[PDB]
Amino acid sequence: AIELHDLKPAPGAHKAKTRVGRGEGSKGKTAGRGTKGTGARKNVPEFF
Amino acid sequence: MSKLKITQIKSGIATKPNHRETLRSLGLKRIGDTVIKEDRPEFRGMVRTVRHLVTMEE
Amino acid sequence: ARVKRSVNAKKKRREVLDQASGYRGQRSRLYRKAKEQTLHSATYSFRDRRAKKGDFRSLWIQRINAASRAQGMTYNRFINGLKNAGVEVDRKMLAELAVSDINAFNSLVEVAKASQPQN
Amino acid sequence: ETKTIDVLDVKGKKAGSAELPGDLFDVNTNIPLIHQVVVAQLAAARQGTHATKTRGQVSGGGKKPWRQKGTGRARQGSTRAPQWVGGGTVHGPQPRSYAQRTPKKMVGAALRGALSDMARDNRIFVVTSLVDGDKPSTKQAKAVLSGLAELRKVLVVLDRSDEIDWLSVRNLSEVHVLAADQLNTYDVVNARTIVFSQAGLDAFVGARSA
Amino acid sequence: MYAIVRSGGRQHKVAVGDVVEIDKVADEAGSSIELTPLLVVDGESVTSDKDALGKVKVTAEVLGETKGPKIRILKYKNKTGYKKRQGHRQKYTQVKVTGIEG
RNA sequence: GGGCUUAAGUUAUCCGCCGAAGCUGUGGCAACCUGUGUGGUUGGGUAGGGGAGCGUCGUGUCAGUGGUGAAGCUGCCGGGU
Ligand SMILES: [Mg+2]
Ligand SMILES: [Mg+2]
Ligand SMILES: [Mg+2]
Ligand SMILES: [Mg+2]
Ligand SMILES: [Mg+2]
Ligand SMILES: [Mg+2]
Ligand SMILES: [Mg+2]
Ligand SMILES: [Mg+2]
Ligand SMILES: [Mg+2]
Ligand SMILES: [Mg+2]
Ligand SMILES: [Mg+2]
Ligand SMILES: [Mg+2]
Ligand SMILES: [Mg+2]
Ligand SMILES: [Mg+2]
Ligand SMILES: [Mg+2]
Ligand SMILES: [Mg+2]
Ligand SMILES: [Mg+2]
Ligand SMILES: [Mg+2]
Ligand SMILES: [Mg+2]
Ligand SMILES: [Mg+2]
Ligand SMILES: [Mg+2]
Ligand SMILES: [Mg+2]
Ligand SMILES: [Mg+2]
């Protein structure tokens, strides 16, 4: 007699997706990349 | 043993890390905070190290 | 699931335009310009809620100084006399006494005069 | 717990008896497990035919709108750039499948727990059949209302020629009809009671039993 | 007849029948509290010393809990992206002065 | 800056006071530690790391609700860190 509205996930099983670049109260603006440089825009290869 | 009475009269800002750690070891945490320590040479040494930041009594 | 921004977006704009409802020029009409002034308004209000203590203490001290100098006693000697006499009536109640009950303030002045070190 | 219990076959009034095997119809109801299985079920049910055109797929926009310098305008590379009205969508939806590869043991157990919860709550009835001879919806509406309430599940399993019961209960709109080889956790949880046909219960037990 | 009294590190000039905005106290509404007096003035008669102020009792009763104005803090610093929103209400307690008995 | 040597200048010394978001008093909030009756410590903050949430749209389920007026828009009176 659970009924579909009593089904909930275990606590901690569904971590909230972090949404980046959505205001300075979170990972806003630079989006966790800092300022300028290669890493500001793409990446650096692991073999480099 | 005369139970030294030490109170902080100046802030630890801009003091040397030596002095700040000496204050922490003495247990003083704010300006006006008072601690009681034994008349032991180590505590006399801490007091003379931070003598410009604290006052001592008996 | 395409989402249109307007219904959610207007809420902060209405809040800020309400908060800026006495400002001059663009500061009360335009959300972006009102937003800049609300930052300054909040900073000024926070700073002034803490400077208000000092402002009112200064006003009380000036009024006490005037009232005690009317009795031939400076503010510093008056306060030292009260401290020595052990009367812990504060700058605020003392100023209210000076404005309202000048006779009670003068009695306190006599108390301070008697409690002076006389040295 | 693995207790096998006994329910009584009805056919309206009374008939023989049927056994609930216990190893299924009496197990734990792992709510998180059931939730995951049901969510995966609905995700598989999703169709996901949604798409947008990127700046490369929007018509036109091949040439630079104007010179890079000298015009006093911002540097633009295409009229279909995402910041333009009528330009491409940057990270809009693309067609995809939402099916999740839930393990067999997880899916089956969730089904066992969902069945077991209302087996312990006494919401499974077993009937020899509904309707006799030719097939109406009035008859079974009665058989089920005599059973209890109207948020129902029916099992008739007989996938090829149980047209009588299937077509009788097909049009109730508060009855969900299934073959025993398609019980699935979503429907079991959604059901407030299950009524098995005798053959339906027998075939489900035969398909899965220890 | 009035009294300079103290309550919760803040002083008031109270008189019998006055309503005073006191810092929140645990005593329940309708009960009575004693406000410590620091001065008494009965008209050209000023009681100020501790020994006599010990004998005088300012008695008052609790009326209810009232909230202050809603304060909106927005800490902000330019060119850093820093903001911090906060609010405050600062509940107090009504008091009615019932008597200053010497 | 006004003005100041009739110091409101320099200097020695004594007695007071002013003075910060420092300290203390009072009221509220929060993080952490600790034996878990207490209490202790802490809470400026950019890049950045961690944690917990608000609001919008779609949707399963249950409970609903709506021309005796939904959505949206717009006043007033309130509420929350
Ligand atoms: Mg930032
Ligand atoms: Mg920005
Ligand atoms: Mg980073
Ligand atoms: Mg950058
Ligand atoms: Mg940049
Ligand atoms: Mg750089
Ligand atoms: Mg970098
Ligand atoms: Mg790296
Ligand atoms: Mg590569
Ligand atoms: Mg002056
Ligand atoms: Mg192209
Ligand atoms: Mg231009
Ligand atoms: Mg190009
Ligand atoms: Mg298009
Ligand atoms: Mg800077
Ligand atoms: Mg202060
Ligand atoms: Mg402080
Ligand atoms: Mg304090
Ligand atoms: Mg912080
Ligand atoms: Mg701090
Ligand atoms: Mg940061
Ligand atoms: Mg209706
Ligand atoms: Mg809508």
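Chain naming here is simple, since letters A, B, ... match the order of the sequence lines and numbering starts at 1 in each.
- Annotated as stacked: the bases of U10(F) and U11(F), by the 5.5 Å centre and 30° plane rule.
- Comparing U26(F) with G45(F), their P atoms sit 26 Å apart, to the nearest whole Å.
- Ring geometry for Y98(D) against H50(D) counts as perpendicular: the plane angle is over 60°, on a 0 to 90° scale with 30° as the lower cut.
- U34(F) and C23(F) have their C1' atoms separated by 27 Å, given to the nearest Å.
- Consecutive residues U36(F) and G37(F) do not stack, lacking base ring centres under 5.5 Å apart with planes under 30°.
- Against the 90° criterion about 0, the sugar-base torsion of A70(F) places it in the anti range.
- Rounded to whole Å, the P atom of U65(F) lies 31 Å from the corresponding atom of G80(F).
- Nucleotide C32(F) carries an anti base; the chi torsion (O4'-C1'-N9-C4 or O4'-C1'-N1-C2) is more than 90° from 0.
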- Passes side-chain contact (heavy atoms from CB on, under 4.5 Å), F78(C) versus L94(C)? Steps please. CA-CA 11 Å; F78(C) 178 62; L94(C) 278 178; 4.1 Å; yes
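- Stacking between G45(F) and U46(F) does not hold, since their six-membered rings do not have both centres below 5.5 angstrom apart and planes below 30 degrees.
- Base stacking is present between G25(F) and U26(F); both the centre distance of their six-membered rings (under 5.5 Å) and the plane angle (under 30°) fall inside the limits.
- More than 90° away from 0 lies the glycosidic angle of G48(F), which makes this nucleotide anti.
- Sequence order on RNA chain F of the closest nucleotides to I31(B) and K75(E) puts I31(B) first from the 5' end.
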- side-chain contact (heavy atoms from CB on, under 4.5 Å) evaluation trace for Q94(D) with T52(D): CA-CA 6 Å; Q94(D) 299 297 334; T52(D) 56; 3.7 Å; yes
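- With ring centres under 5.5 Å apart and planes tilted under 30°, the neighbouring bases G78(F) and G79(F) are scored as stacked.
- Only the P atoms considered, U74(F) is 16 Å distant from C57(F), to the nearest whole Å.
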- For RNA chain F, the expected dot-bracket line (Watson-Crick or G-U under 3.5 Å, [ ] crossing, | inter-strand) is ............................(.(((.....))).)......................................
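- Regarding nucleotide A8(F), the torsion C1'-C2'-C3'-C4' is less than zero, so its sugar is described as south.
- Rounded to whole Å, the separation between the P atoms of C32(F) and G51(F) comes to 14 Å.
- Counting heavy-atom neighbours within 6.0 Å of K12(C) NZ, excluding the residue itself, gives a total above 12.
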- Message: Test side-chain contact (heavy atoms from CB on, under 4.5 Å) on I194(D) and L115(D); report intermediate values, then the result.
- Response: CA-CA 9 Å; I194(D) 301 102; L115(D) 277 170; 4.3 Å; yes
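- For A71(F) and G58(F), the P atoms lie 14 Å apart once the distance is rounded to whole Å.
- Pairing each heavy atom of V107(D) with each of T185(D), the nearest pair is O-OG1, 3.8 Å.
- Residue-to-nucleotide proximity on RNA chain F shows that, of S7(E) and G34(A), the 5′-proximal contact is made by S7(E).
- Between chain D and RNA chain F, the heavy-atom contact criterion of under 4.0 Å yields a 5' to 3' nucleotide range of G60(F) to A63(F).
- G27(F) adopts an anti glycosidic conformation, its chi angle falling more than 90° from 0.
- Looking at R192(D) and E3(A), a side-chain N of the basic residue comes within less than 4.0 Å of a carboxylate O on the acidic one, giving a salt bridge.
- Using a 3.5 Å distance cut-off with no hydrogens or angles, the side chains of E21(E) and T66(E) do pair a donor with an acceptor.
- The same atom, P, is picked in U61(F) and in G66(F); the two are 22 Å apart, to the nearest Å.
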- Could you give me the CA-CA distance, side-chain angles and deciding distance for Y2(E) and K13(E), then say whether side-chain contact (heavy atoms from CB on, under 4.5 Å) is met? CA-CA 7 Å; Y2(E) 66 73; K13(E) 170 156 153 304; 3.9 Å; yes
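- With sequence neighbours excluded, no residue forms a ring pair (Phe, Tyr, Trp, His ring centres under 6.0 Å) with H176(D).
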